[PDB]
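Protein chains in written order, with the deposited numbering: chain C, 293 to 331; chain B, 1 to 766; chain A, 626 to 766; chain E, 1 to 148; chain L, 1 to 148; chain D, 101 to 148; chain M, 1 to 148; chain K, 1 to 148.
Ideal Cβ placement from N, Cα and C applies to all residues, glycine included.
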Amino acid sequence: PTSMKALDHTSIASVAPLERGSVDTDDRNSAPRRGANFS
Amino acid sequence: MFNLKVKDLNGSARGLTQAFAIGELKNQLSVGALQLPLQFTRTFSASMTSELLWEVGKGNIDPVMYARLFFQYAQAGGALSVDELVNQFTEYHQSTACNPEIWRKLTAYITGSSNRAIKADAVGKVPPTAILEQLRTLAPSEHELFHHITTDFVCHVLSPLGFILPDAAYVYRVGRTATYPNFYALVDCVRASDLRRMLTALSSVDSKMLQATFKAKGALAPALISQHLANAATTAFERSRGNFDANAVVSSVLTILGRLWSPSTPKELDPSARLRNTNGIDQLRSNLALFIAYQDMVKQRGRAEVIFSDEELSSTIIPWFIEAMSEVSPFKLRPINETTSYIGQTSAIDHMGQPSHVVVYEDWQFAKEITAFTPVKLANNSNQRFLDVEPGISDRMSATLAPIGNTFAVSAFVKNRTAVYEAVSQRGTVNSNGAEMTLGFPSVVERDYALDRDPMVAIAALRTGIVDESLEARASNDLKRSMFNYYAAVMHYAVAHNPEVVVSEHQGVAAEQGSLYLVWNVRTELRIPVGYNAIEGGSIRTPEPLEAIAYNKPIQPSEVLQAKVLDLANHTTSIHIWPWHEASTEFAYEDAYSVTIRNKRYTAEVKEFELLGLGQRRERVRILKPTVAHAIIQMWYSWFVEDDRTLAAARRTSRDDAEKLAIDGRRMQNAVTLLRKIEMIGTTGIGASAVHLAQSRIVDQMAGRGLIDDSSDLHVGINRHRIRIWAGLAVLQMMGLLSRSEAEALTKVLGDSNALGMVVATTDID
Amino acid sequence: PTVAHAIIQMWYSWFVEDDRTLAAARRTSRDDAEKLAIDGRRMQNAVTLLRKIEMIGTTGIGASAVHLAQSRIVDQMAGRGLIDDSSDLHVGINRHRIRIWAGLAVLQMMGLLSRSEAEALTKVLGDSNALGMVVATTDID
Amino acid sequence: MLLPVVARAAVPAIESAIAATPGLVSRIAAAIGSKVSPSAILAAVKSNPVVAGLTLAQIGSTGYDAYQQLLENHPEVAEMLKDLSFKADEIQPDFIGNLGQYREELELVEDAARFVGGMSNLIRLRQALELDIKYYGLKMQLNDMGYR
Amino acid sequence: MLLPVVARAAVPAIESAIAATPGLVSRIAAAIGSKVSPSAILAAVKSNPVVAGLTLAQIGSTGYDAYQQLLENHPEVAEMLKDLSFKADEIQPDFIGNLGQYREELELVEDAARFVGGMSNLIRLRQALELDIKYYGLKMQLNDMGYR
Amino acid sequence: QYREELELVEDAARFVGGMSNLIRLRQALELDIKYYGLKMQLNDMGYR
Amino acid sequence: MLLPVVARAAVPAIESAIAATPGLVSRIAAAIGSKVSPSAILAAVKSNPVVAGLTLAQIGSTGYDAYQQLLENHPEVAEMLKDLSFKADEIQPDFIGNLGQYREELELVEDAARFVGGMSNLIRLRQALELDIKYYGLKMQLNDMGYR
Amino acid sequence: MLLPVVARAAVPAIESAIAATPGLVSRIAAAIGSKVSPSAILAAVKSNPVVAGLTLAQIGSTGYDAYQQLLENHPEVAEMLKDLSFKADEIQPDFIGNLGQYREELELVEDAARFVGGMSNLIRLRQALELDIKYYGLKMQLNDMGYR
């Protein structure tokens, strides 16, 4: 099997956002919002 | 929707009152006591634009916009001011340019060759983000936004030679601009004149010569590059050096205006006969946007001082101050009539003349486009993530939303309102109070959704005038900056339609040495005052910009205000670094259409992914918020329930036969126009596919029990008119446009008026 | 096609012989102005390399390895019950990773190189970090 | 400095607390970091609002009134006041694990919530069912009389 | 019915618990609502998986093993079974108010979190600072030797 | 004697942000560990 | 939810440790921050995998087996769990300076390494020389017979 | 990190052996260079596979199957472990030493042979390192005089 290991450990060029925020939102699932009753 | 009692302005809305702007928290504000005549013929309005995504990585430098990035990074970023920023930029620029090594070391890296010439063929390629990585170590800074500006500088001189990879890309969002200058927005835009003269020197370096000597000779040492950069970067360092403090350019030149407006200026300090005659003061004398800026100035500093030489020096300041602003900037001078064009007014008149209610509203062009992106991480625990626009989800909604657009235009809301106050009002005068003034500002509520803030603190900011501290500074900085726009946007309006204005000087409580407030001359031709003033002479002189509105006749907005959507589609590859989770709404929905057929209950559930044509439920995708669309609908909801409330409030106490029948004449006529509108939404692409499915979950649920079929002569129609209505909410519910609570009350209103009962009554013949 | 295996065997010999000397020539210098000439040379190769391999990947033999590499993972994944792939396998890294591995396969599926030689040729792109600093792909259709 | 409106009411509140007991005078001198003399701190209060707040935190008995009114007088001191005055709330050893058991339970409510409507509705609906039966009879009867 | 793979382990597990003590036999007969005779419930277990689960909830000592294996081969019952078997977790009187005090505090963490990165990072960064000083020296020295 | 010291704070200040932030961040670290656990758990329940 | 495959092994493993000694029950209650009652923590383990891991760190004797199996079926917690459970390794006062002396030495090996090849080769080549002489004779003789 | 699959194979293997006899502490410290304590050597195993493979081969009663399991599960350690464990086979008086035992060794020579050159060259190179240090200095000095 070919080894892609070495190529796997890498870093990404870093950069800083102008306005910080939205950080912990990376992984979340909001479960759906219901509609109103009808009549 | 914001209601104020114009009689007591102080209590109801202190944000828009002038008494607050010049520093009177207490009730008292001077009457038309002392005065000087004046005419404001010009103003500084921001150009009409809203935020756009602009990408910083590529080799170009567009000086106007990098300047704009500083505004946002420093100001809205939470930092002190762009002034302190730019200063720390030129200490940074002095560090690299005036330093001989730092231009060698990174031309050793990009060219690869320390001690010897490089041929013409053997020219490698170094990606832009690379050289940035190292420049970080050489000339370190606490602001990454500096390293980007130097990085794509060297990229610009080296681009022709081809030492760098083009392919890499990167992106930020520039911010929104206040339409009218706050005091500091002057100070900023003066420093940003320096900065723009900085960058225009960096930007303009061609290095064509270095390109010619490379071709013919065939090779060149780093000694030619590393000088030719160092010559460029020190041409920019020239142009920075020796500019005046913005803080003391403006602080003075708003004072020496402030002394030639105010009538009461002590002769001990009088702007002299020369500077009064200076070229350009004439023009800046009659300019409004400065005035309301001046009022701010004294609100804060409390005072003023002229440091600059009162004569010889201060006559080279002005021509420098004019050239800063006058030059293309975010702020460009315009005739005063134009900048308020979109505001419009309408009023409900008694028999005599005077206002009962009077409405002020911002017209809008409803935004008919919407986009949906899926966020994609670069690597685990990396915030670089860049989104992919997905067409075919968006083509649905924008072809769904386009039908909604035509039918909600704002003018049709107030055209509806005044039709209410015609019917509800008695026959008799209104002496009891000043006419209440309701003002729709969809822009207010709009800014609350993109910033995610309780509508109650936004309104209550205008009412009491103080901003709640409980919120984090990122909001307050966009809240106050907002609350100042409306203040300004009011006075440009009042002044535009009452060209006669008169400048007094407030000194009752002696809060500040120098103060100013306008007083309008408006000729009312009315018997009794609204608000409170003596209404003497057949004209009333009112310090409050609001009152001076109330006496206007109806006005039709001549220019639609324009929202415009943020654009993801264009640059797909570039990695988004700005947080996009603020402007993103999660997209998921569930609902059940319940009907009762022959004494049982049949419920059809439905999911949003089915409505869109998607076969599977995909979690990731996030609708980019439809703010201005949610702004308008929010308005139209609150004015609907408000109307329908005020009628059923009168309908009880009417005590007349002729009039009572005119109320129920109104409600019914109202509610079935309500419904014919929602039924119109049901025929839309999402409306269609919601219906087709709902009937189909109901059918196969009845499979087990054989029961007789309908006439459908009108039954197909009666059933049809009902199922559409429920589509109408479902589409509104699933997009952000209507919250679930207000969707219920909106059913209840349509429910008891038995609107549906009356809708069918037109489809039968008897 | 031994004439072809001859050249590409040579190229891999010389190329590795470079980076052995530079990192050898760097640690000798013990002077800063030079070290950035070398550290600029290492990187400046490792992209020119990383582009050769990827440009190789675009070749039809190249492409057909790509398409098939993803396609089997997508369909392997859909059974596992989550489709988040489509977004993720096209990214800053994993579009390069699979791009390269298809570029080193085509060399190995031919005689042109030995699977141990490619394994080391990878390790050069590992340290030089040329990978992370590009973040941009070119498609030869 | 210090705005006068705050001063007419604020100055005597502190002075009263000082005259009540000396033991506080040493405390505030430590917290604010001011000269122990009662005349000194009173000179500091007038000078800075931030300082004025920390004093009113040290004495909450009589002082709570002015403190709130000071919030209105200066937005900035209160904003930078909330941070300077802070105490870590002692956490119970059992708490975080004790919360772990309600994971199963709260997810049950939110299933019931979404169905009904806002949480406010469900609290109502719960009462409607818990409500005595006669009432259902009562309401039926008013409808029998043609009232609704 | 019940899948054999489960049933193989399930049946003797229950039968063992029965043989251990009679007191359980009466309990399960009450919960499942089946004839008290040990032969009856054992006939019911085989018939329905839902029933099989409730039995294994009644006896957790020896039975927990099979239950999980039942849960594997039957994701279907998993939802239904979770509902039928439920107990309200007794809540402490102090709890909800006791939580009210941490409102101020958690909002402080999430200000620090967003800045650093994911919560995982901040937990790391906190340790890095708390970490002994010598280590900073150690790492500096390896860089002195030219290691990276 | 504090010349050496204050220049140290202002190096830490600029990094974090306004002085107000650093006073907060300092507390966040000094804060008890359990709280980090608490916040993690609310996120475990799906509360943001 | 904890996956059953793990939970099957996990639950009795913990329960066994509890039954072994009470002294651990108080410890885990402190670390996880859960109600001290053995029934409580056992309710928490089932609820969260992260919690399940910290428990198995507290007891390593019998518990190490399940922990690894937990780690397999949950690569997710692996990162988070590694952070929450950490102890600063006590460093020896002599160490960092003691390492400073080997700077001269290791640079000598890496000069020899590059020449030969990978470090693996040099370890071999070193043995080849250290090897007894007769072997060189042996190999020569097989070549004398024709063997290669 | 050490693969969890092989982890459950090695850890009971090395532990049972350590508790079986204390004498095995002589192996761990000799090659691996682990700390004197039985607890720390365990952490070394978990840390590195190479370290682990040298723990498995050294304790041979229960270990072989476990060692071969480690091999396949983490194949990079193959070349390393087989090499770092080598034991000289001394000498056979009889002519037919063969590949019976000496197989591994005569392989080893050839690698070393291949690298250096013709079989003679190595034996030469063997001696050059065996020569007294002085002879080097001699050759250098006779070079200094300008003789070569």
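- Around the beta carbon of B:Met491, 16 or more other beta carbons lie within 10 angstroms, which makes this residue buried.
- DSSP, read as helix, strand or coil, puts B:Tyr517 in strand.
- Taking all protein chains shown into account, B:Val760 has fewer than 16 neighbouring C-beta atoms within 10 Å of its C-beta and is therefore exposed.
- Apart from sequence neighbours up to five positions away, the residues of its chain that approach E:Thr62 with a beta-carbon distance below 7 Å are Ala13, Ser16, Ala17, ordered along the chain.
- Nearest in C-alpha terms to B:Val64, of all of B:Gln35, B:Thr90, B:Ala192, is B:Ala192.
- In the structure shown, E:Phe86 falls within a coil segment according to DSSP collapsed to helix, strand and coil.
- Of all residues in the region 736–765 of chain B, only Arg740, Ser741, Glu744 place a beta-carbon less than 8 Å from a beta-carbon of chain E.
- Looking only at E:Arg103, E:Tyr135, E:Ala29, the smallest Cα-Cα distance to D:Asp144 is reached by E:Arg103.
- Membership of B:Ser753 in any beta strand (DSSP E) is not indicated, and neither H nor E is assigned to it by DSSP.
- Under the rule that a run must span 3 or more residues, the beta strand (DSSP E) segments found entirely inside the region 413–474 of chain B read 436–440.
- DSSP places B:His357 within a strand segment (E or B) once states are collapsed to three.
- Within the DSSP bridge table, the entry for B:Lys564 names no partner.
- Chain K places no beta carbon closer than 8 Å to that of M:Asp144, leaving this residue out of the contacts.
- In the DSSP assignment, M:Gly117 forms no beta bridge with any residue.
- In the DSSP annotation of this structure, B:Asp350 is not part of any beta strand (DSSP E), being labelled neither H nor E.
- Taking C-beta atoms under 8 Å as the contact rule, B:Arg622 and B:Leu707 fail to qualify, at a distance of about 44 Å.
- Taking C-beta separations shorter than 6 Å and ignoring five residues to either side along the sequence, the partners of B:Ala324 in its chain run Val190, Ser193, following chain order.
- In this chain, B:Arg601 is not harboured by any alpha helix (DSSP H); it is covered by the beta strand (DSSP E) spanning 601–607.
- A:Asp764 and A:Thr684 have their C-alpha atoms spaced approximately 10 Å apart.
- Residue-level contact check: A:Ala658 touches chain B, since one or more beta carbons of chain B fall below 8 Å from its beta carbon.
- Annotation for B:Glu362: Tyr342, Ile343, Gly440, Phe441, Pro442, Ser443, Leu561 place their beta carbon closer than 7 Å to its own, counting only its chain and skipping 5 residues before and after.
- B:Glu472 and L:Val109 have their C-alpha atoms spaced approximately 14 Å apart.
- At a cut-off of 8 Å between beta-carbon atoms, A:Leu729 makes contact with chain C.
- Taking a cut-off of 8 Å on C-beta distances, the region 611–619 of chain B does not touch the region 12–22 of chain B, as fewer than three cross pairs fall below it.
- Between B:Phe640 and the set B:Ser240, B:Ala694, B:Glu742, the nearest pair of CA atoms involves B:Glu742.
- Beta-bridge analysis with DSSP links B:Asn10 to no other residue.
- Taking 8 Å as the upper bound on Cβ-Cβ separation, chain D lies near residues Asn48, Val50 of the region 46–64 of chain M.
- Under the DSSP definition of a beta bridge, B:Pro37 partners with B:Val502.
- Around the beta carbon of E:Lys139, fewer than 16 other beta carbons sit within 10 angstroms, so the residue counts as exposed.
- For B:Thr596, the pairing in a beta bridge is given by DSSP as B:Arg601.
- For the region 116–130 of chain L, the set of positions with a beta-carbon nearer than 7 Å to some beta-carbon of chain M reads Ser120, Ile123, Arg124, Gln127 in chain order.
- Here K:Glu130 is exposed. Its C-beta has fewer than 16 other C-beta atoms within 10 Å.
- B:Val565 is not a Cβ neighbour of B:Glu390, given a cutoff of 8 Å.
- In this structure, B:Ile663 keeps its C-beta atom at 8 Å or more from the C-beta atom of B:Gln695.
- B:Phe44 is bridged by DSSP to B:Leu333.
- At least 8 Å separates the beta-carbon of B:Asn552 from that of L:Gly117.
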